[PDB]
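For reference, the structure discussed in these notes is given below.
Cβ sites come from the backbone with ideal geometry, for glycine too, and all protein chains shown count toward neighbours. Read the figures in this text as sums done on the coordinates, not as results from a lab.
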Amino acid sequence: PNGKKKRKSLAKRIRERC
Amino acid sequence: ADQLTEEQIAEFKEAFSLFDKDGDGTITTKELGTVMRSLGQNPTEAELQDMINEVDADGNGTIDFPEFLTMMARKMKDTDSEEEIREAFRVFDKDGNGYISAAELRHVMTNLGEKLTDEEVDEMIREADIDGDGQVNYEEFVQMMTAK
Ligand SMILES: *[C@@H]1CC(=O)N(CCC(=O)OC/C=C(\C)CC/C=C(\C)CCCC(C)C)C1=O
Ligand SMILES: [Ca+2]
Ligand SMILES: [Ca+2]
Ligand SMILES: [Ca+2]
Ligand SMILES: [Ca+2]
């Protein structure tokens, strides 16, 4: 996703994944 | 599924070697369950069957290399742990009321290193706030990132 002035991530915490 | 790099290809081979103990070149639930029981997991025959029939494209009851590789590399399913997500719920719930508000997710996102403004966090809550209370419960928080 393209985000300059917005969150580049969010879900990365619980679905950090392997 | 064989279009990976040689390194990654070697990994699943080593794993395939685990799942094919009889040496027939394919995996059944019995071999699967043996591996699971070895490394520390114990799904039931039905759960075994579920993932078996997912990757088994021949519908022949046995997992071949390409099918295994699909399960191993692509993982087949789109989710991760899911049940531990409710454990992680309490982590986002820093205020500890059984709900996760924007301010709470805001601390947590900062804990990753990747910063965002409060607005970006509020945005996330707006979409995941199904009951529209300004907070997200288990199912709201879960489907905010990992859907069912
Ligand atoms: C850590 C995280 C990761 O992805 N990898 C690489 C793959 C690997 O070998 O991890 C260990 C594998 C485990 C625990 C099994 C995962 C698969 C299932 C639970 C589904 C089983 C279905 C089959 C066998 C058809 C790491 O090393
Ligand atoms: Ca076998
Ligand atoms: Ca097959
Ligand atoms: Ca809270
Ligand atoms: Ca809510």
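Structure values in brief
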| read-out | value |
| --- | --- |
| Residue within the stretch B:95-102 that is under 30 Å from B:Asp129 (Cβ atoms), surrounded by fewer than 17 Cβ atoms within 10 Å (Cβ to Cβ) and under 16 Å from the mean Cα position of the chain (by Cα) present | no |
| Filter result for B:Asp80 (more than 16 Å from ligand 3 (Cβ to nearest atom) and surrounded by 13 or more Cβ atoms within 10 Å (Cβ to Cβ)) | yes |
| Residue selected from the stretch B:4-55 under the condition within 16 Å of ligand 2 (Cβ to nearest atom) and of a type in the set (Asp, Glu), by the criterion nearest to B:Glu67 (Cα to Cα) | B:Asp20 |
| Elements of type helices (runs of 4 or more DSSP H) contained in the stretch B:72-148, each with 2 or more residues being free of Cβ contacts under 8 Å to residues at least 12 places away in the same chain | B:85-92, B:102-112, B:118-128 |
| Qualifying residue in the stretch B:99-106 (condition: more than 12 Å from chain A (Cβ to nearest Cβ) and within 16 Å of ligand 3 (Cβ to nearest atom)) | no |
| In the stretch B:4-32, residue farthest from B:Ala73 (Cα to Cα) [restricted to those that are part of a helix (DSSP H, G or I) and of a type in the set (D, E, K, R)] | B:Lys30 |
